[PDB]
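> Here's a structure for you.
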Amino acid sequence: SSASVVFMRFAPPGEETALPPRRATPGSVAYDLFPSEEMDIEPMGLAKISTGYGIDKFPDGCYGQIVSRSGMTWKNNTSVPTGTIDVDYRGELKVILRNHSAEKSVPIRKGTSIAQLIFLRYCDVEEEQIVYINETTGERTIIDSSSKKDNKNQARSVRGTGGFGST
Amino acid sequence: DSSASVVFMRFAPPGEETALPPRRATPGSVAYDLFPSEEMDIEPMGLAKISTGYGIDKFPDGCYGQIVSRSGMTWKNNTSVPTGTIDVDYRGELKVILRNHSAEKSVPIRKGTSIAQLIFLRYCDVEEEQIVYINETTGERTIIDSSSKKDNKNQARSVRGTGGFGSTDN
Amino acid sequence: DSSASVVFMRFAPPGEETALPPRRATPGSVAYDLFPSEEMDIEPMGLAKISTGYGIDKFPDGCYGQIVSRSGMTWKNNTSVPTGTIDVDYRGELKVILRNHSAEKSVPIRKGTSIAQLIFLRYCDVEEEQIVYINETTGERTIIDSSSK
Ligand SMILES: O=c1ccn([C@H]2C[C@H](O)[C@@H](CO)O2)c(=O)[nH]1
Ligand SMILES: O=c1ccn([C@H]2C[C@H](O)[C@@H](CO)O2)c(=O)[nH]1
Ligand SMILES: O=c1ccn([C@H]2C[C@H](O)[C@@H](CO)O2)c(=O)[nH]1
Ligand SMILES: [Mg+2]
Ligand SMILES: [Mg+2]
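Residue numbers (the authors' numbering), protein chains in the order written: chain B, 3 to 169; chain A, 2 to 171; chain C, 2 to 150.
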């Protein structure tokens, strides 16, 4: 089960919630996220929209990146300015959507997907070093070095449901 | 070898003028410079959809195409590329979405100057998925749904074709 | 082992005060927090190029560096990081491009607060490429060009 994902639905079974993440076509690279509640983003506004789902299990070597959908961007003059989901995040996925229109509001509706989640491959660094390289001599001075187990320069040990500048 | 190869498809017939082909500027460049097929001026606070003249016929194995902004275009012209996720079943022409954040200046779009860059990023094409409800108090896990890629769960349509830019929205 | 190791290069000499080093905030954090070398206030609707004090001497195998926005700086300060693609031959100092989307408020850039984050993303360094023309009506394929890295 290498190319597998487990989404966690925050609402109990039988309770009403957002439409589940879905892949629009067989070659779609991302899951369309839907809003749990409806709203209208005011001109020049910034919204944090709940999707009703979290990620219980990520595919191996991947993290989740929320990116904009081209239709929502172009037709509604928006952007998704952030969307990096850490692999220890246990909370609900929230979409940050910016309205760039000075006169029009953006409709957020239950049947229409607001952004998409892609599972990107990244390197979870095991070893790191900070070096100083002398521009004139070429001499390398090791300033510091750490292994992932060292948990050096850490904000906290457990992310939990903490996000949005929680560190 | 499909693992490290790409095939771009040119939309204009061979005996016709078109955009400069996607190309990597340096040996360490991670992305292909994209060029416009036609010229325009993006008005202050404007948003443009620019034709590049090319599509992707074949992606490198396990990769998709991500259109990202160029640092020069972003900084010198006060722009952004607010979207750029290319699906591996997309058969249409790549279009660059460029936003002008300047209130006073227009952005010049010219044939010899690159407007964005395209990176082939490694992603997971999910084969098996589950939706679960986790009750941490009872230590229980209720499977709401499960699907394999071939189940085509909650799909909009079978063939993407040349459809993009909200083609799956109502 | 080059497969999961990184070497950051500090631009300031060792006896000099500089930006806080790139750090992963929690054990599950996928990105390194970047900090400013100097303090500033980004004017309303402004765009800043902020020095971080560090470059990348060595990238993990098959990875490049992508500077992306932090959700706190985006949401609390009404910003975006509109660019951040670091090429694997880049020997300069990483600079964060931060846009202020507010019309009335300035963005404070302070030494102890991270301004963006750096992810080591896996990408394909293409070895072979072709440009083809596909005749929609006939299905015939004409190779326009082909090149190896
Ligand atoms: O667009 C975003 C950005 C972040 N987060 C969550 C997950 C992430 O690990 C944490 C802090 O970045 O907040 C979201 O829900 N959506
Ligand atoms: O910036 C973008 C975003 C999308 N698309 C196309 C390809 C993609 O698979 C489809 C649906 O987003 O639209 C582009 O050409 N450029
Ligand atoms: O946000 C950015 C984008 C680019 N660069 C550097 C590295 C890259 O290889 C070069 C050209 O894009 O400029 C930065 O320092 N910061
Ligand atoms: Mg889509
Ligand atoms: Mg963080």
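In this text, a Cβ means the ideal position worked out from N, Cα and C, and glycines have one as well.
By DSSP, does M46/C sit in helix, in strand, or in coil?
Correct three-state label for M46/C: coil.
> To the nearest angstrom, report how far apart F12/C and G56/C are at their CA atoms.
Each residue's Cα considered, the two are about 7 Å apart.
> Taking just the CA atoms, how far does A32/B sit from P23/B?
Computed Cα separation, rounded: 9 Å.
> List, in chain order, every chain B residue whose beta-carbon is nearer than 9 Å to that of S159/A.
Those are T27 and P28, listed as they occur along chain B.
> For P37/A, count neighbouring C-beta atoms within 10 Å of its own C-beta (all shown protein chains included) and say buried if the count is 16 or more, exposed if not.
Its Cβ being crowded by 16 or more others within 10 Å, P37/A is buried.
> For the stretch 34-54 of chain A, which residues have a CB atom closer than 8 Å to at least one CB atom of chain C, in sequence order?
Within the stretch 34-54 of chain A, no residue qualifies.
> Report yes or no: is there a C-beta of chain B within less than 8 Å of the C-beta of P61/A?
For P61/A, the answer is no, since every Cβ of chain B falls outside 8 Å of its Cβ.
> Does the beta carbon of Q118/B fall short of 7 Å from some heavy atom of ligand 4?
Yes; taking the cut-off as 7 Å, the Cβ of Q118/B has a heavy atom of ligand 4 nearer than that.
> Alpha carbon to alpha carbon, what distance is there between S81/A and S52/C?
Answer to the nearest angstrom: the Cα atoms are 20 Å apart.
> Mind checking whether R100/A and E40/A have CB atoms under 8 Å apart?
No; because the gap between Cβ atoms is not below 8 Å, this pair is not in contact.
> Please report the straight-line C-alpha distance between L119/C and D126/A, rounded to a whole angstrom.
So the two alpha carbons sit approximately 24 Å from each other.
> Name the chain B residues whose beta carbon is nearer than 7 Å to that of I132/A?
Simply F9, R11 and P22.
> Residues in the same chain with beta-carbon distance under 8 Å from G113/A, minus the five sequence neighbours each way, listed in chain order, please.
Excluding positions up to five away in sequence, the list reads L21 and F36.
> Is there contact between the stretch 157-167 of chain A and the stretch 89-98 of chain A, where contact requires at least three CB pairs shorter than 8 Å?
Touching, per the Cβ criterion.
> Pick helix, strand or coil for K96/A, following the three-state DSSP scheme.
In the structure shown, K96/A sits in a strand (DSSP, three-state: E or B).
> Considering only residues of the same chain and omitting the five flanking positions on each side of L122/B, which have a CB-CB separation below 7 Å?
Within the same chain, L122/B has close Cβ partners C64, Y65 and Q67.
> Quickly, what does DSSP pair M10/B with across the bridge? List them, please.
According to DSSP, which records beta bridges pairwise, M10/B is partnered with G56/B and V133/A.
> Between which two residues does the beta strand (DSSP E) containing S147/A stretch?
First-last of the beta strand (DSSP E) with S147/A: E141 to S149.
> Say whether chain A places a C-beta atom closer than 8 Å to the C-beta of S107/B.
With 8 Å as the cut-off, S107/B does not count as an interface residue toward chain A.
> Could you tell me the boundaries of the alpha helix (DSSP H) in which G29/C lies?
Unbroken run through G29/C: none, as it is neither H nor E.
> What number of angstroms, rounded off, separates the C-alpha of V108/B from the C-alpha of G85/B?
Looking at the two C-alpha atoms, the distance is approximately 19 Å.
> If you reduce the DSSP assignment to three classes, tell me which class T86/A lands in.
DSSP places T86/A in strand when its eight states are reduced to three.
> For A104/C, I'd like the list of residues in its chain whose CB is within less than 8 Å of its CB, leaving aside the five on either flank, ordered along the chain.
Answer for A104/C: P45 and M46, listed in chain order.
> Ligand 2 and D88/A: does any heavy atom of the ligand fall closer than 7 Å to the residue's C-beta?
Yes, the beta carbon of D88/A sits closer than 7 Å to at least one heavy atom of ligand 2.
> Under DSSP, the beta strand (DSSP E) around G66/B begins and ends at which residues?
Start and end: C64 to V69.
> Does the Cβ of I144/A have 16 or more other Cβ atoms within 10 Å, making it buried, or fewer, making it exposed?
Exposed.
> Should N155/A be flagged as near chain B, meaning a C-beta pair shorter than 8 Å?
Judged by the 8 Å Cβ criterion, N155/A is in contact with chain B.
> In three-state terms, what does DSSP make of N78/C?
Here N78/C sits in helix by DSSP.
> At 7 Å on the CB atoms, spell out the chain A contacts of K77/B, in chain order.
Per Cβ cutoff of 7 Å: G167.
> Using a C-beta to C-beta distance shorter than 8 Å, which residues of chain B count as neighbours of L122/A?
Per Cβ cutoff of 8 Å: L122 and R123.
> When the Cα atoms are used, what is the spatial distance from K150/B to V7/C?
If I take the Cα positions, the gap works out to 12 Å.
> Starting from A20/C, trace the beta strand (DSSP E) in both directions and tell me its first and last residue.
Where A20/C is concerned, there is no enclosing beta strand (DSSP E), given that its DSSP letter is neither H nor E.
> Quick one: what's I116/C bridged to in DSSP?
BP columns for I116/C are empty, so no partner.
> Is the CB-CB distance between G54/B and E94/B below 8 Å?
A contact, by the Cβ cut-off of 8 Å.
> Any idea if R71/C is buried or exposed, counting beta-carbon neighbours within 10 angstroms, 16 or more meaning buried?
Label assigned to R71/C: buried.
> Anyone know if the C-beta pair for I135/A and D58/B falls short of 8 Å?
Their beta carbons are under 8 Å apart, which means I135/A touches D58/B by this criterion.
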